[PDB]
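**Student:** my complex, first installment, coordinates as in the assembly:
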Amino acid sequence: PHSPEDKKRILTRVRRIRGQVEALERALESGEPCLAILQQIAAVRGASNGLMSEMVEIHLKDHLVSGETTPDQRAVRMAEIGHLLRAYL
C-alpha cells in the first residue's frame, strides 16, 4: 500500500487476523472442541483471502494504473507479481 490510508486499512486487517490466529492457538493449547477449531481456521482462511484481494487491487492500482509510467516499467512491475497471481488461482 503506497498512500497512508491504504497502509492504515491493511494494517487494520492484519491485526484482526493476528487476533484470530492467537485465539485459534489458545483453543488448540486449551483443548477446545474440534468443531470450534475447524470453524476458526475457516474464518482465518476467509480473512486471508479477503486480505489478498484487497492487496492485489491496491498493488495493481498503485503500480500499473497510477503514474506517468512507461510500458517497460509496467512490464517489470507485472513480472514481479506474475508468479504471485498464477498461484492465486
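**Tutor:** Good, I have the coordinates. Residues are numbered from 1 along each chain as shown, chains lettered A, B, ... in the order given.

**Student:** what packs against the helix or strand harbouring residue A:53?
**Tutor:** Using DSSP states H and E, the element containing residue A:53 is helix A:34-60. In this structure, helix A:34-60 makes packing contacts with helix A:4-29, helix A:71-87, judged by 3 or more Cβ pairs under 8 Å, 6 or more residues apart in numbering; DSSP states H and E. The way it works is simple: take the backbone N, C-alpha and C, and place the C-beta from them, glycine included.

**Student:** a markdown table for those helices, including distance to residue A:51 and mean neighbour count?
**Tutor:** Formatted as a markdown table, these follow (distance: least, Cβ to Cβ, whole Å; neighbours: other Cβ atoms under 10 Å):
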| stretch | distance to residue A:51 | mean neighbour count |
| --- | --- | --- |
| helix A:4-29 | 5 | 12 |
| helix A:71-87 | 13 | 11 |
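
**Student:** Using TSV, lay out these together with distance to residue A:65.
**Tutor:** Formatted as TSV, these follow (distance: least, Cβ to Cβ, whole Å):
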stretch	distance to residue A:65
helix A:4-29	13
helix A:71-87	9
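
**Student:** following sequence is chain B, place it on the structure:
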Amino acid sequence: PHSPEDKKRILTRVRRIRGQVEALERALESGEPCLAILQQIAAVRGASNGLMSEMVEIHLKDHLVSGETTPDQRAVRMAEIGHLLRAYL
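**Tutor:** Chain B, in position alongside the others:
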C-alpha cells in the same frame, strides 16, 4: 487475447474443456459410477481455474502493461475487471 497467438492458445484450452464437459454429460446420461463423475468434475474445475489464471495474465499484459497509455485509460481498464478480480478470490 489481443494477438493471434494468444487467441489461438486460449481457444485451444476452451476446446479441451468442451471435450471434458461433453464427456461428463455423457457419463451422467450413461449412469456411470458416481466417483468417476466426481473426478471428471474435479478435472473441469482444475482446467477452468488454469484457464482463468492464464487469461487474467494475458488481459493484464495487453491492457495494463502494453501500449503508450495514460493513467486515466488504465483506470477505466482496471475498473472493468476489478470486479472479476475480487470475485476471483
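
**Student:** Could you re-examine what packs on helix A:34-60 with chain B now present?
**Tutor:** On a contact count with 3 or more Cβ pairs under 8 Å, 6 or more residues apart in numbering or on different chains; DSSP states H and E, helix A:34-60 meets helix A:4-29, helix A:71-87, helix B:71-88.

**Student:** Helix A:34-60 and the first one, what's the angle between them?
**Tutor:** Okay, so that is helix A:4-29. 160 degrees (axes from the mean of the first three to the mean of the last three Cα atoms, to 10 degrees).

**Student:** now check helix A:4-29, is it near chain B?
**Tutor:** No. Helix A:4-29 lies apart from chain B when judged by Cβ under 8 Å from any Cβ of the partner chain; the minimum separation is 14.3 Å.

**Student:** do the same with the second one
**Tutor:** Yes. Helix A:71-87 comes into contact with chain B when judged by Cβ under 8 Å from any Cβ, the residues involved being A:71, A:74, A:75, A:78, A:82, A:85, A:86.

**Student:** ok, now how distant is the residue located most distally from the centre of chain A from residue A:37?
**Tutor:** Within chain A, residue A:31 marks the point farthest from the mean C-alpha position, 28.9 Å out by Cα atoms, centre = their mean. Separation of residue A:31 from residue A:37 (Cβ to Cβ, to the nearest Å): 10 Å.

**Student:** Drop chain C onto that structure:
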Amino acid sequence: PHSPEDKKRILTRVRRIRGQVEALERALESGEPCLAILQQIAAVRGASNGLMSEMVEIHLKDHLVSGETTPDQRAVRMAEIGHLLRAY
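**Tutor:** Adding chain C to what we have so far:
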C-alpha cells in the same frame, strides 16, 4: 449422484456449463473483445466451482452418511475422495 433428484440437478448444471463454454468458443472464433472473453471465462470458472461443491456434498452424503456402513467401508470411500478435497 445416486438419487434421481440429485441426478437431474447435476446434469442441469453441466448443460448450463456446456452452453457457457460453447458461447465462449464462439466469441473466440468470432474474434470478440478481450474483456468479454475474460468475463465468460470467469463465469465458467465460477460455475465450475459451484458444481464441484454440489457434487462433493452429494458424494459425502451418499457414501459417508447414508447406509449402515462400517468404519472400514467409510475409510476406503473417504480415501478415494480425499486428495480431491485437498485441491478444492
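
**Student:** What packs on helix A:34-60 again please, this time with chain C.
**Tutor:** Where contact means 3+ Cβ pairs under 8 Å, 6+ apart, helix A:34-60 is packed against helix A:4-29, helix A:71-87, helix B:71-88.

**Student:** closest one to chain C among the ones you listed?
**Tutor:** Chain C sits nearest to helix B:71-88 of all the helices and strands packed on helix A:34-60, at 4.9 Å, using Cβ to the nearest Cβ.

**Student:** OK, contacts around the one residue in chain A that gets nearest to chain C?
**Tutor:** Nearest to chain C in chain A, going by Cβ to the nearest Cβ, is residue A:89, at a distance of 7.8 Å. Contact analysis of residue A:89 by Cβ atoms under 8 Å, 6 or more residues apart in numbering or on different chains lists B:49, B:50, B:52, B:53, B:56, B:88, B:89, C:45.

**Student:** Whichever of these end up buried, select them in PyMOL.
**Tutor:** A single PyMOL command is used to select the members of these judged buried by 16 or more other Cβ atoms under 10 Å in any protein chain shown:
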select buried, (chain B and resi 49+50+52+53+56+88) or (chain C and resi 45)
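
**Student:** Widest-spaced pair of the contacts of residue A:89?
**Tutor:** Farthest pair in the contacts of residue A:89 (Cβ to Cβ) is B:50 and B:89. Separation: 15.1 Å.
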